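Visitor: Okay, handing you the structure first.
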Amino acid sequence: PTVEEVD
Amino acid sequence: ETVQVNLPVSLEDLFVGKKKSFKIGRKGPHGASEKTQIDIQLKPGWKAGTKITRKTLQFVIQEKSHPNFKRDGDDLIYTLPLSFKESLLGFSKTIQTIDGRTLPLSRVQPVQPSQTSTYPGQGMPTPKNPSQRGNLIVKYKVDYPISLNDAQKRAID
Amino acid sequence: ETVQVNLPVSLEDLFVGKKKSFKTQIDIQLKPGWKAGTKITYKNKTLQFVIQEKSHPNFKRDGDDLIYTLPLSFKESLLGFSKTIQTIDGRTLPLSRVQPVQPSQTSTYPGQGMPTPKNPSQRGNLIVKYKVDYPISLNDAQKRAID
């Protein structure tokens with residue numbers, strides 16, 4: 001489980 | 001090594017094959033807390049599940065839940081809900097197509113509980129040959145009033 | 001080698017674990033809750049039986065569940081009804097309602113499905129869907145009434 005960060 | 005990561009994009013994003021780009025967290029030199037900016041090139045039509053690919057990450061494009069369309073490969077279905085009345089007498093709503101255009105929907109005749117209307121070339125593009133799109137299907141879903149009053153029942157004749 | 005054979009059955013058979021039969025004479029004891037494609041290997045040319053479930057008159061299977069679609073008329077989809085339906089095990093089940101039905105609704109009837117793959121003691125539900133025959137055109141009279 002990584003950290004998803006939209007953009 | 002390669003680890004799978006899900007990437008929820010939007011039907012609209014996939015539609016235009018936008019250069020969606022985001023930052024993701026990882027480790028770094030001698031144990032750390034990073035966030036590396038990645039660039040994903042979507043392509044008009046890309047179906048979810050597709051994947052584009054120190055450490056190594058496996059990305060799987062994922063279709064966010066659209067508030068109006070339910071996708072079927074290259075077809076797009078829109079479920080226009082209908083009041084009991086406008087279900088037998090007619091209605092004149094209006095819907096917004098996947099690409100911004102507004103589409104006038106309208107009847108003056110009863111509609112069958114699942115009766116549909118298909119609009120050619122108005123769906124999602126086809127990955128192989130993208131200059132071709134699937135097509136939009138609009139589904140009428142009639143709404144029944146719960147328990148009905150005396151007048152109501154009497155009237156039904 | 002090994003040449004598998006298509007073996008058509010009836011949702012009924014698979015239901016009550018029936019012992020079927022049909023140059024040689026074979027005999028298969030259908031376990032309770034076998035679905036399409038359950039392997040039956042009989043050593044010797046090794047014959048293997050692939051299960052096929054013939055279409056069914058009223059039901060459409062979905063896992064441990066059975067799906068039946070009751071056709072209603074316009075009047076009965078709004079004013080209620082009282083129909084029947086022969087369950088898979090044989091008995092008859094009463095389908096009655098007094099309140100209008102959401103054409104798109106689904107009523108669930110527990111233990112009326114098919115025997116689970118684990119312990120046959122358990123059974124999937126029986127799902128009932130509806131096909132309400134709506135008016136096609138309307139007349140001066142009917143119009144006002146709905147209006």
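Following the order of the structure tokens, chains are lettered A, B, ..., residues in each are numbered from 1, and ligands are numbered from 1.
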Which residues, written as JSON, numbers by chain, have at least one atom at most 8 Å from residue 6 (chain A), with only C-alpha atoms counted and residues fewer than 3 positions away on the same chain left out?

Guide: {"B": [21, 22, 23]}

Visitor: For the residues selected in the previous step, produce a file with N, CA, C and O atoms as a compact mmCIF listing (two decimals), in the first residue's frame.

Guide:
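Saved file part39.txt follows:
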# COMPACT_ATOMS: atom_id res chain seq x y z
N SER B 21 -1.19 13.11 -14.74
CA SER B 21 0.11 13.03 -14.06
C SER B 21 0.06 13.24 -12.55
O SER B 21 -0.41 14.28 -12.10
N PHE B 22 0.54 12.28 -11.77
CA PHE B 22 0.55 12.42 -10.31
C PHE B 22 1.80 11.95 -9.60
O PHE B 22 2.64 11.25 -10.17
N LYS B 23 1.93 12.37 -8.34
CA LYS B 23 3.07 12.02 -7.51
C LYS B 23 2.71 10.86 -6.58
O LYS B 23 1.63 10.84 -5.99

Visitor: Would you list which chain B residues are within 8 Å of chain C using only C-alpha atoms, as a list in words?

Guide: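 Therefore, the residues near the partner are residues 85, 88, 89, 109, 110, 111, 112, 113, 141, 142, 143, 144, 145, 146, 147, 148, 153, 155, 156 and 157 of chain B.
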
Visitor: Please identify all polymer residues within 12 Å of residue 26 (chain C), counting only C-alpha atoms, omitting same-chain residues fewer than 3 positions from it, and present them as an mmCIF file with N, CA, C and O atoms, in the first residue's frame.

Guide:
data_model
loop_
_atom_site.group_PDB
_atom_site.id
_atom_site.type_symbol
_atom_site.label_atom_id
_atom_site.label_comp_id
_atom_site.auth_asym_id
_atom_site.auth_seq_id
_atom_site.Cartn_x
_atom_site.Cartn_y
_atom_site.Cartn_z
ATOM 1 N N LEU C 7 -21.948 -33.601 -20.996
ATOM 2 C CA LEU C 7 -23.030 -34.338 -20.351
ATOM 3 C C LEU C 7 -24.176 -33.463 -19.852
ATOM 4 O O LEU C 7 -24.185 -33.017 -18.705
ATOM 5 N N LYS C 19 -29.061 -39.899 -9.494
ATOM 6 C CA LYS C 19 -28.141 -40.883 -10.042
ATOM 7 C C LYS C 19 -28.590 -41.161 -11.480
ATOM 8 O O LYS C 19 -29.599 -41.829 -11.716
ATOM 9 N N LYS C 20 -27.832 -40.611 -12.426
ATOM 10 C CA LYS C 20 -28.106 -40.738 -13.854
ATOM 11 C C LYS C 20 -27.382 -41.904 -14.510
ATOM 12 O O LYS C 20 -26.445 -42.470 -13.948
ATOM 13 N N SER C 21 -27.833 -42.245 -15.712
ATOM 14 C CA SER C 21 -27.251 -43.328 -16.493
ATOM 15 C C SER C 21 -27.616 -43.122 -17.962
ATOM 16 O O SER C 21 -28.414 -42.242 -18.292
ATOM 17 N N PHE C 22 -27.033 -43.939 -18.836
ATOM 18 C CA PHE C 22 -27.273 -43.833 -20.273
ATOM 19 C C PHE C 22 -26.451 -44.850 -21.063
ATOM 20 O O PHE C 22 -25.464 -45.394 -20.562
ATOM 21 N N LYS C 23 -18.795 -50.151 -26.884
ATOM 22 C CA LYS C 23 -20.006 -49.731 -26.182
ATOM 23 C C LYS C 23 -19.992 -50.097 -24.693
ATOM 24 O O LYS C 23 -19.615 -51.209 -24.319
ATOM 25 N N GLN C 29 -23.551 -40.536 -10.180
ATOM 26 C CA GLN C 29 -24.308 -40.082 -9.015
ATOM 27 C C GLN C 29 -23.985 -38.601 -8.804
ATOM 28 O O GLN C 29 -22.968 -38.242 -8.194
ATOM 29 N N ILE C 40 -15.612 -35.366 -13.964
ATOM 30 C CA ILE C 40 -15.925 -36.740 -13.576
ATOM 31 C C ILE C 40 -14.972 -37.646 -14.342
ATOM 32 O O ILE C 40 -15.247 -38.023 -15.483
ATOM 33 N N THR C 41 -13.855 -37.986 -13.702
ATOM 34 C CA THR C 41 -12.815 -38.823 -14.300
ATOM 35 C C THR C 41 -12.909 -40.330 -14.059
ATOM 36 O O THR C 41 -12.756 -40.807 -12.935
ATOM 37 N N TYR C 42 -13.143 -41.073 -15.134
ATOM 38 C CA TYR C 42 -13.233 -42.526 -15.066
ATOM 39 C C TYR C 42 -12.045 -43.108 -15.830
ATOM 40 O O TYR C 42 -12.024 -43.074 -17.059
ATOM 41 N N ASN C 44 -10.135 -45.162 -17.962
ATOM 42 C CA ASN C 44 -10.483 -46.184 -18.947
ATOM 43 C C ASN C 44 -11.990 -46.415 -19.016
ATOM 44 O O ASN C 44 -12.463 -47.275 -19.757
ATOM 45 N N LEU C 47 -11.900 -41.837 -19.985
ATOM 46 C CA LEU C 47 -13.074 -41.014 -20.255
ATOM 47 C C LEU C 47 -13.371 -40.047 -19.112
ATOM 48 O O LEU C 47 -13.410 -40.430 -17.940
ATOM 49 N N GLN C 48 -13.583 -38.787 -19.475
ATOM 50 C CA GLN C 48 -13.873 -37.732 -18.516
ATOM 51 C C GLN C 48 -15.179 -37.056 -18.894
ATOM 52 O O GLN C 48 -15.393 -36.717 -20.059
ATOM 53 N N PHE C 49 -16.049 -36.849 -17.912
ATOM 54 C CA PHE C 49 -17.334 -36.225 -18.185
ATOM 55 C C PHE C 49 -17.466 -34.765 -17.770
ATOM 56 O O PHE C 49 -17.370 -34.424 -16.588
#

Visitor: What does the structure give for the distance between CA of residue 79 (chain B) and CA of residue 137 (chain B), in Å to one decimal?

Guide: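 Straight-line distance from CA of residue 79 (chain B) to CA of residue 137 (chain B) works out to 8.4 Å.
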
Visitor: Determine, counting only C-alpha atoms, which protein, DNA and RNA residues have an atom within 12 Å of an atom of residue 94 (chain C); residues of the same chain fewer than 3 positions away are not included. Present the result as a list in words.

Guide: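 In the requested form, the answer reads residues 70, 81, 82, 83, 84, 85, 86, 87, 91, 97, 109 and 128 of chain C.
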
Visitor: Kindly provide, as a PyMOL selection string, the residues of chain B having any atom no farther than 9 Å from an atom of chain A, counting only C-alpha atoms.

Guide: chain B and resi 5-7+20-26+35

Visitor: Could those selected residues go to a file with C-alpha atoms, as a compact mmCIF listing (two decimals), in the first residue's frame?

Guide:
# COMPACT_ATOMS: atom_id res chain seq x y z
CA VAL B 5 -0.60 0.21 -8.17
CA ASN B 6 -4.14 1.21 -9.11
CA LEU B 7 -4.77 4.57 -10.79
CA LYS B 20 -2.85 12.54 -16.45
CA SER B 21 0.11 13.03 -14.06
CA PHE B 22 0.55 12.42 -10.31
CA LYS B 23 3.07 12.02 -7.51
CA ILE B 24 3.42 8.73 -5.60
CA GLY B 25 5.20 7.82 -2.36
CA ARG B 26 8.19 5.51 -1.99
CA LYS B 35 6.92 11.31 -3.25

Visitor: I need the residues of region 3-141 of chain B that end up classed as helix (DSSP H, G or I) by DSSP on the backbone, written out as an MDAnalysis selection string.

Guide: chainID B and resid 11:16 85:87

Visitor: Go through region 20-49 of chain B and collect every residue that DSSP, computed from the backbone, puts in strand (DSSP E); the answer should be as a PyMOL selection string.

Guide: chain B and resi 21-26+34-39

Visitor: Please measure the separation of CA of residue 122 (chain C) and CA of residue 8 (chain C), giving the value in Å to one decimal.

Guide: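 Answer for the CA of residue 122 (chain C) to CA of residue 8 (chain C) separation: 24.1 Å.
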
Visitor: Skipping near chain neighbours, those fewer than 5 positions away, what residues fall within 7 Å of residue 116 (chain B) using only C-alpha atoms, listed as an MDAnalysis selection string?

Guide: chainID B and resid 137:140

Visitor: If you keep N, CA and C atoms, can you produce a file of those selected residues as a short mmCIF file (atom, residue, chain, number, x, y, z; two decimals), in the first residue's frame?

Guide:
data_model
loop_
_atom_site.label_atom_id
_atom_site.label_comp_id
_atom_site.auth_asym_id
_atom_site.auth_seq_id
_atom_site.Cartn_x
_atom_site.Cartn_y
_atom_site.Cartn_z
N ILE B 137 -26.05 4.75 -25.26
CA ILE B 137 -27.35 4.07 -25.09
C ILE B 137 -28.01 4.76 -23.92
N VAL B 138 -29.24 5.27 -24.11
CA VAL B 138 -29.96 5.92 -23.02
C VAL B 138 -31.10 5.00 -22.62
N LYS B 139 -31.09 4.63 -21.34
CA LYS B 139 -32.07 3.73 -20.77
C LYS B 139 -33.06 4.48 -19.90
N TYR B 140 -34.34 4.31 -20.17
CA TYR B 140 -35.38 4.95 -19.40
C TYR B 140 -35.72 3.97 -18.28
#

Visitor: For residue 63 (chain B), please output as a list in words all residues within 10 Å (counting only C-alpha atoms; exclusion window: fewer than 3 positions along the same chain).

Guide: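 Here the answer would be residues 6, 7, 8, 9, 10, 11, 12, 13, 14, 46, 47, 48, 49, 60, 66 and 71 of chain B.
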
Visitor: Can I get the selection written as a PDB file, in the first residue's frame, with C-alpha atoms?

Guide:
ATOM      1  CA  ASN B   6      -4.138   1.214  -9.114  1.00  0.00           C
ATOM      2  CA  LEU B   7      -4.767   4.572 -10.790  1.00  0.00           C
ATOM      3  CA  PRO B   8      -8.397   5.753 -10.801  1.00  0.00           C
ATOM      4  CA  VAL B   9      -8.925   8.079 -13.762  1.00  0.00           C
ATOM      5  CA  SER B  10     -12.222   9.397 -15.168  1.00  0.00           C
ATOM      6  CA  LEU B  11     -14.192   8.350 -18.215  1.00  0.00           C
ATOM      7  CA  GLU B  12     -13.594  11.866 -19.500  1.00  0.00           C
ATOM      8  CA  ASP B  13      -9.839  11.475 -18.952  1.00  0.00           C
ATOM      9  CA  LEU B  14      -9.753   8.181 -20.857  1.00  0.00           C
ATOM     10  CA  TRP B  46      -7.910   3.020 -23.013  1.00  0.00           C
ATOM     11  CA  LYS B  47      -9.918   0.395 -21.162  1.00  0.00           C
ATOM     12  CA  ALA B  48      -9.357   0.004 -17.427  1.00  0.00           C
ATOM     13  CA  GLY B  49      -6.961  -2.739 -16.479  1.00  0.00           C
ATOM     14  CA  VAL B  60      -3.076  -0.350 -13.837  1.00  0.00           C
ATOM     15  CA  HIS B  66     -18.812   8.363 -13.283  1.00  0.00           C
ATOM     16  CA  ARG B  71     -19.376   1.934 -19.566  1.00  0.00           C
TER      17      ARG B  71
END

Visitor: Would you kindly return, as a list in words, each protein, DNA or RNA residue with an atom no farther than 10 Å from any atom of residue 126 (chain B), considering only C-alpha atoms and excluding same-chain residues fewer than 4 positions away?

Guide: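 What passes the distance filter is residues 15, 43, 44, 45, 46, 47, 73, 74, 75, 130, 131, 132, 133 and 134 of chain B.
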
Visitor: To one decimal place, how far is CA of residue 106 (chain C) from CA of residue 108 (chain B) in Å?

Guide: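 Atom-to-atom, CA of residue 106 (chain C) to CA of residue 108 (chain B), that is 28.8 Å.
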
Visitor: Check the smallest atom-to-atom distance from each of C:4, C:14, C:76, C:57 to residue 113 (chain C) using only C-alpha atoms, then report the winner.

Guide: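 With only C-alpha atoms as the atom set, the closest residue is C:14.
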